[PDB]
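Trainee: in their complex positions, the first chains:
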Amino acid sequence: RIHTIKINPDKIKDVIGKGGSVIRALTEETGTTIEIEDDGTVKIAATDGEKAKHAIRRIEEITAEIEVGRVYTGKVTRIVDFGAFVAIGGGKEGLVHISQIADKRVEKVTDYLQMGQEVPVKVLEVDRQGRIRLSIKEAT
Amino acid sequence: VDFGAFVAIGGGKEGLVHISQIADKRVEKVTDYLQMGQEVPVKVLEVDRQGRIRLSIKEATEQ
Amino acid sequence: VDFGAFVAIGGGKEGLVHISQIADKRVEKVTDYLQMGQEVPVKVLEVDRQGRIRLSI
């Protein structure tokens, strides 16, 4: 197959990554060859249909899909006082320090430390810089 | 476009230029001509952030 | 050169030490460091930093 998607130009730097690390990771995790035109559209050079579908799923999980809006149920993943790294999607950790988690009455992170625990989360910091950060609804 | 323009010296592909280095800060507007399809020739200025492209209004190998 | 010297501690490349390091005093002229091949003290002594040397006479 040489499958193709006419996907949005602006996400380019995030589909390549610094050092090409995330494109290298994508190609190796899908076991499939990829072109993502700097100006133009993605091409997927695949041996067979299921491997092409696997590549589509992974690049769709990092193209568009902006996480700005209402509460989403993110998986806590790593939990520490300096932050829960709560991920709503792949390659998107909502690093949420105790200062984001809590104000007034405050408590040791053991009170809610878990990995993969789905919990309610929405935007609290935003920029062009890709340092956009979400927070647990306890921030209210 | 007001927030940066695509200008081709030649070929179908259209290269980028921005409000300052289009016209070496002679104006606040992106283009002194401020007109699409306008005849003023274009060539590259050296400055190149890896995430930026520069194609200034330049004739006769001004450099 | 007048502006500074390239000084070898090992095999991995080492850039120009600026004449303002090489010479403490106001003058900063090549006469202070014109001798080729001379063995000299050299400590970068620098972390979280780009490649530089604090050699000083």
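Mentor: Perfect, I can see it now. Numbers count the residues shown, from 1 in each chain, chains lettered A, B, ... in the order given.
Trainee: contacts, neighbours, all on C-alpha from now
Mentor: Noted.
Trainee: longest helix anywhere in chain A?
Mentor: helix A:49-60 (DSSP state H).
Trainee: following that one, which helix or strand shows up next?
Mentor: strand A:72-75 (DSSP states H and E).
Trainee: name the residues that touch that next one?
Mentor: A:86-89, A:115-122 (C-alpha atoms under 8 Å, 6 or more residues apart in numbering or on different chains).
Trainee: what distance separates that strand from the centre of its chain?
Mentor: Offset of strand A:72-75 from its chain centre (C-alpha atoms, centre = their mean, to the nearest Å): 11 Å.
Trainee: whatever helix or strand comes next after that strand pairs with which strands?
Mentor: Scanning forward in sequence from strand A:72-75 by DSSP H and E, the next helix or strand is strand A:79-80. Strand A:79-80 sits in its sheet next to strand A:83-89 (antiparallel), going by DSSP bridges.
Trainee: hang on, the earlier thing: I'd like to know which elements the longest helix of chain A is packed against.
Mentor: If contacts are counted by 3 or more C-alpha pairs under 8 Å, 6 or more residues apart in numbering or on different chains; DSSP states H and E, helix A:49-60 sits against helix A:21-30, strand A:42-45.
Trainee: of these, which is nearest residue B:60?
Mentor: Residue B:60 lies closest, by C-alpha to C-alpha, to one member of those: strand A:42-45, at 38.0 Å.
Trainee: highest neighbour count among the contacts of strand A:72-75?
Mentor: The most crowded member of these, judged by other C-alpha atoms under 10 Å in any protein chain shown, is residue A:86 (28 neighbours).
Trainee: look up the closest residue to that one, ignoring the ones flanking it.
Mentor: residue A:76 (4.0 Å; C-alpha to C-alpha, 6 or more residues apart in numbering or on different chains).
Trainee: so who does the one you found touch?
Mentor: Residue A:76 touches A:84-87, A:114-119, counting by C-alpha under 8 Å, 6+ apart.
Trainee: same list (these) but as TSV, adding distance to residue B:9.
Mentor: As requested, these are exported to TSV (distance: C-alpha to C-alpha, whole Å):
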residue	distance to residue B:9
A:84	51
A:85	47
A:86	48
A:87	45
A:114	58
A:115	55
A:116	53
A:117	55
A:118	53
A:119	53
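Trainee: of the residues you listed, closest to residue A:60?
Mentor: Ranked by distance to residue A:60 (C-alpha to C-alpha), the contacts of residue A:76 are led by residue A:87 at 16.1 Å.
Trainee: let's bring in chain D now:
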Amino acid sequence: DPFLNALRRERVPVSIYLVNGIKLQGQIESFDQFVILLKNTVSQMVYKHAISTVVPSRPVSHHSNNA
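Mentor: So that you can see how it sits with the rest, here is chain D on the chains above:
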């Protein structure tokens, strides 16, 4: 301050940060002990009591004297 006058003399493009963390890109055009004027795209005045830090994009020539 002579440092700010030297920047004005060399007309170096600088990144200024505010106390709130807002980042302004522009070339400083005038300065008093209360304020800077920078005329990047339109004439703008910034108060020094609201500035946190300033860093130049190009290198800036050493004062070459005792502080």
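Trainee: distance check, residue D:4 against residue B:24.
Mentor: Distance of residue D:4 to residue B:24, computed by C-alpha to C-alpha, to the nearest Å: 24 Å.
Trainee: between the two, which one's more packed in?
Mentor: Shown here are residue D:4 and residue B:24; by other C-alpha under 10 Å, residue D:4 has more neighbours (14 against 11).
Trainee: ok, the most centrally placed residue in chain D to residue D:53 distance?
Mentor: Taking C-alpha atoms, centre = their mean as the criterion, residue D:28 is the residue nearest the geometric centre of chain D, at 5.0 Å. Distance, residue D:28 to residue D:53, by C-alpha to C-alpha: 14 Å.
Trainee: ok, residue D:37 next?
Mentor: Going from residue D:37 to residue D:53 by C-alpha to C-alpha gives 16 Å.
Trainee: between these two, who's got more neighbours?
Mentor: Counted by other C-alpha under 10 Å, residue D:37 and residue D:53 do not tie: residue D:37 has more neighbours, with 17 against 13.
Trainee: so which strand or helix has the more buried one?
Mentor: Taking DSSP H and E as the criterion, residue D:37 maps to strand D:35-38.
Trainee: now residue D:30
Mentor: strand D:28-32.
Trainee: quickly list the domain ranges of chain A.
Mentor: Listed by curated CATH domains, the domain ranges of chain A are A:1-61, A:72-139.
Trainee: quick one, which of those domains is nearest to residue B:20?
Mentor: domain A:72-139 (20.2 Å).
Trainee: can you give me the end-to-end span of the closest one?
Mentor: With C-alpha to C-alpha as the measure, domain A:72-139 spans 14 Å from end to end.
Trainee: same thing with stretch D:50-67?
Mentor: End-to-end distance of stretch D:50-67 (C-alpha to C-alpha): 25 Å.
Trainee: how about it: buried residues?
Mentor: residue D:51 (16 or more other C-alpha atoms under 10 Å in any protein chain shown).
Trainee: same deal with stretch A:48-59?
Mentor: A:51-52, A:55-56, A:59.
Trainee: same question for stretch B:19-37.
Mentor: Residues B:19-23, B:29-31 are the ones in stretch B:19-37 that count as buried (16+ other C-alpha under 10 Å).
Trainee: from those residues, pick the one nearest residue B:7.
Mentor: Distances from residue B:7 to these, taken by C-alpha to C-alpha, are shortest for residue B:22, at 9.7 Å.
Trainee: okay, chain E goes in next:
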Amino acid sequence: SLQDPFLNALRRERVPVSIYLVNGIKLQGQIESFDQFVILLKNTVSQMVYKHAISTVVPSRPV
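Mentor: Chain E added:
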């Protein structure tokens, strides 16, 4: 004292300005009086915009 004459020139021309506060809030209007620590600016009525609370000023037109 660069600020005082610039503010007087804005007051003389009664040019619309955008003032920003230290907290990042915008206000809009015309300067029509000032003093060493305060500005009186009209959008509904001429009113106090304290200079120590101002972060930035940018006019609609050159003055």
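Trainee: in light of the added chain E, please revisit what packs on helix A:49-60.
Mentor: So helix A:49-60, by 3+ C-alpha pairs under 8 Å, 6+ apart, packs with helix A:21-30, strand A:42-45.
Trainee: neighbouring contacts of that helix?
Mentor: So helix A:49-60 is contacted by A:1, A:3, A:15, A:26, A:30-32, A:44-46 (C-alpha under 8 Å, 6+ apart).
Trainee: let's see it at 7 Å
Mentor: By C-alpha atoms under 7 Å, 6 or more residues apart in numbering or on different chains, the residues outside helix A:49-60 that reach it are A:30, A:32, A:44, A:46.
Trainee: about what we covered before: for the strand holding residue D:37, the distance to its chain's centre please.
Mentor: On C-alpha atoms, centre = their mean, the centre of strand D:35-38 falls 8 Å from the chain's centre.
Trainee: pick out the residue closest to the middle of chain A.
Mentor: residue A:92 (2.7 Å).
Trainee: relative to residue A:132, how far out is it?
Mentor: For residue A:92 relative to residue A:132 (C-alpha to C-alpha), the value is 10 Å.
Trainee: how about the residues of chain D near chain E?
Mentor: D:20, D:31-32, D:35, D:43-47, D:50 (C-alpha under 7 Å from any C-alpha of the partner chain).
Trainee: got these as CSV, with distance to residue D:64 columns?
Mentor: As requested, the residues of chain D next to chain E are arranged in CSV below (distance: C-alpha to C-alpha, whole Å):
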residue, distance to residue D:64
D:20, 34
D:31, 22
D:32, 23
D:35, 26
D:43, 32
D:44, 31
D:45, 30
D:46, 29
D:47, 29
D:50, 30
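Trainee: now list the buried members of those residues.
Mentor: Among the residues of chain D next to chain E, those classed as buried by 16+ other C-alpha under 10 Å are D:31, D:35, D:43-47, D:50.
Trainee: max pairwise distance over these: which two?
Mentor: Checked with C-alpha to C-alpha, those reach their widest spread between D:43 and D:50, with 17.6 Å between them.
Trainee: what's the neighbour count on the nearest residue to the residue nearest to the centre of chain D once chain neighbours are set aside?
Mentor: The shortest distance from residue D:28 to any non-neighbouring residue, by C-alpha to C-alpha, 6+ apart, is to residue D:38 (4.3 Å). If you count neighbours by other C-alpha under 10 Å, residue D:38 ends up with 20.
Trainee: same check, this time on residue D:41
Mentor: By other C-alpha under 10 Å, the residues close to residue D:41 number 15.
Trainee: wait, what's in contact with it?
Mentor: With contact taken as C-alpha under 7 Å, 6+ apart, residue D:41 is in contact with residue B:28.
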